[PDB]
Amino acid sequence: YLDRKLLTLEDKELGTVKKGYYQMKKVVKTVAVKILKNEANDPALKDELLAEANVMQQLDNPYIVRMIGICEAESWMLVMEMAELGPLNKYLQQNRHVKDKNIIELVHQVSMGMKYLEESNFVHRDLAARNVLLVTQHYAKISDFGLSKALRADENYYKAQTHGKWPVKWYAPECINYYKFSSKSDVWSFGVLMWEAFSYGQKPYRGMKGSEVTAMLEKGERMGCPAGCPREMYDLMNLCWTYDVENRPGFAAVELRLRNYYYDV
C-alpha cells in the first residue's frame, strides 16, 4: 500500500483517471491513477481493479505496464507507471505518418510482452490497440489486465460460465462459441490489434453487430487488407485469425514473425 502524502494528482482528468507524481526513495515517478469513490462505488468495478492489481503484481516484463501500488485515502486508487503517449489507437489516428517499420516495431514489442504472458500462463482477454499504451513512439506496453486470468495448472484455457459483456470484435471463435480463453485466443485478438495498427486506429468490423461478426467469421470471411499495409503483415493477421484453435500459432511463433533480423526457430 502507498502513502497518500507522497502522491500528487493533477486535477485535469486523463470512471476517473488522473496523472500524478509519486515520490519514490530518491526520484519522483510519473504515474497514471484509476480512482474510485470510497463508499458510493460500484463493488464489481472495484473487484475488477483488485483482480487487475493481483495479476499485475506477479508480472515483470519491459512490455507490460508496471504497477506502483494501491492507495487507500480520500478515494481508492490504483497507481501505475505512466506510459505518457497513451493508447495506440488514438495515437495512430492523430499521427498518420508513422512508418511501417515503426508500426512493426511496436506490434513486435506487444508480441514480446504476450510471449512472456503466455510463458507465464496468464490470459489477457482484452488485447486491443486501445490497451497498448505508448511510452514513446518506439516503445509500447500492454495494459488493462481487468479481465486477465491465471490459468489452472492442468489446463491451457480459462472457462467462463457464459458470455458476459465482452470485446467480442477482438475475440476468437472458441471464446464466443465455448467461452474458452487460451493464449491462442489472445493471438486472435493480437491479429485484430495488428489490423487496427495498420489502419491508423480505425475500429475493426465497422458497422457490424457482434452476431454478424460471428457469422462472417464462421463462413471463413475476414477483414480485408488495410490500404498501404505491408503484405507480410496482412498475411500474419490472417494466420492469427486461424479458426481452429489447434492450428493457430501461439505467441512464440507470432513473435518470431515480427522480428526484423535473421534468426533460427
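Numbering starts at 1 and runs along the sequence shown. Heads up, when I say rigid core I mean the largest set of C-alphas that superpose within 1.5 Å between the two forms.
Novice: What stretch shows more C-alpha movement in 9 other deposited structures of this protein relative to this form, 109-117 or 69-77, after the core is superposed?
Specialist: Of 109-117 and 69-77, the stretch deviating more in 9 other deposited structures of this protein is 69-77.
Novice: Determine, for 46-54 and 235-243, which one has C-alphas that on average lie farther from this form in 9 other deposited structures of this protein; superpose on the rigid core first.
Specialist: It is 46-54 whose C-alphas lie farther from the shown form in 9 other deposited structures of this protein.
Novice: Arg206: absent from a third or more of the other PDB entries compared?
Specialist: Across the compared entries, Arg206 is modelled every time.
Novice: Check whether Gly164 has no coordinates in at least a third of the other compared PDB entries of this protein, counting only entries that model residues on both sides of it.
Specialist: Yes: coordinates for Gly164 absent from at least a third of the compared entries.
Novice: Look at the stretch from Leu14 to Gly15 and count the residues of the deposited sequence that the entry does not model, then pick none, 1 to 3, 4 to 9, or 10 or more.
Specialist: Gap between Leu14 and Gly15: 4 to 9 residues without coordinates.
Novice: Which has the higher mean CA temperature factor in the PDB entry, 240-248 or 15-23?
Specialist: Per the PDB record, 15-23.
Novice: Of the two stretches 24-32 and 37-45, which shows the higher Cα B-factor on average in the entry?
Specialist: Of 37-45 and 24-32, the stretch with the higher C-alpha B-factor average is 37-45.
Novice: Compare the CA B factors listed in the entry for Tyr200, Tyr234, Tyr63, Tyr205 and report the winner.
Specialist: Within the set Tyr200, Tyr234, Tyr63, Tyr205, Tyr200 shows the top C-alpha B-factor.
Novice: For the C-alpha B-factor as written in the entry, point me to the maximum among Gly146, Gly164, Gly86, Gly191.
Specialist: When the deposited C-alpha B-factors of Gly146, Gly164, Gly86, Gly191 are compared, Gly164 is largest.
Novice: Could you tell me which third, lowest, middle or highest, the C-alpha B-factor of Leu78 occupies within its chain?
Specialist: Middle third, going by the recorded CA B-factors of the chain.
Novice: By the recorded C-alpha temperature factor, relative to the other modelled residues in its chain, which third is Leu117 in?
Specialist: For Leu117, whose C-alpha B-factor we compare with every modelled residue in the chain, the answer is the lowest third.
Novice: Looking at the entry's B-factor column for C-alpha atoms only, identify whether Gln94 ranks in the lowest, middle or highest third of its chain.
Specialist: Top third by C-alpha B-factor.
Novice: Can you work out whether the C-alpha temperature factor of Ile70 puts it in the lowest, middle or highest third of the chain?
Specialist: Answer is highest: the recorded C-alpha B-factor places it there.
Novice: Comparing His138 with the other modelled residues of its chain, is its CA B-factor in the lowest, middle or highest third?
Specialist: For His138, whose C-alpha B-factor we compare with every modelled residue in the chain, the answer is the middle third.
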